[PDB]
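Chemist: Requesting a structural model of the entry that follows:
(chains A and B)
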Amino acid sequence: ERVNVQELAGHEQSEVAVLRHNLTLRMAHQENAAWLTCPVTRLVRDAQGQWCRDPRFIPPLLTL
Amino acid sequence: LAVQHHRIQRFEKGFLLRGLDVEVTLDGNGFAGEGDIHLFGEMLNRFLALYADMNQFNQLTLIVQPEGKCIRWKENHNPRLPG
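Modeler: Residues are numbered from 1 along each chain as shown, chains lettered A, B, ... in the order given. Shown next is the protein structure:
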C-alpha cells in the first residue's frame, strides 16, 4: 500500500510504502484452511426476512 | 522576461522524474479585456506548444503582476504518455 506519511522536524509530507494485513469475513460452516478461531457476531433472521444481530451473543473477551 | 528554473519530482511508485520551471511575467497592465478570460485562454495555447524533449516534466507557472494571484499549470504526467 502507498500513502502519505509525515512526522519529522519539518512541514513536508511524502509517500512511503507501508504494510497492511488482509482480512475477510468467512462463515463458520465453510472451511478451516484459513484461520478463523474468533467469532464476532451471530445473525438470526426475522419472520419478515430480516437478518438481525441477536442480543445474547458473547464473543471471547479481552475487555468488558 | 522569462526565467528558467528546474525541479525534481517524486513519482507514485517512488522514482525521480526530471522537470523544468518556466516563469513568465506580464508586468504591465491592459493585457486584454478580462485577464481571467484571456490569460486562461492564453495558457491553454502556450502550454501545448511547449513540448521540448523526451524526459521533461512540464513546467508552466504563469505569473501576472503581484495583483492577487499567480496561476500554476501542471498535469498528471506518467511513464506511458503525458496527460
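
Chemist: Just read off the phi/psi values of the nearest residue to residue B:1 once chain neighbours are set aside.
Modeler: Of all residues beyond its chain neighbours, the one nearest residue B:1 is residue B:25 (7.0 Å), with distances taken as C-beta to C-beta, 6 or more residues apart in numbering or on different chains. The C-beta positions use only the backbone N, C-alpha and C, and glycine is treated the same way. Backbone dihedrals for residue B:25, given as degrees, to the nearest 10, come out at phi -130, psi 140.

Chemist: Next, count neighbours for residue B:25.
Modeler: 14 (other C-beta atoms under 10 Å in any protein chain shown).

Chemist: That one and chain A, how far apart?
Modeler: Using C-beta to the nearest C-beta, to the nearest Å, residue B:25 is found at 27 Å from chain A.

Chemist: That residue touches residue B:61, doesn't it?
Modeler: No - if you go by C-beta atoms under 8 Å, residue B:25 and residue B:61 don't touch, sitting 10.4 Å apart.

Chemist: Chain B: helices as residue ranges?
Modeler: Assigned by DSSP state H, the helices in chain B fall at B:35-46.

Chemist: Tell me where it has strands.
Modeler: Along chain B, the stretches classed as strands by DSSP state E are B:3-5, B:8-10, B:16-18, B:21-25, B:60-63, B:71-72.
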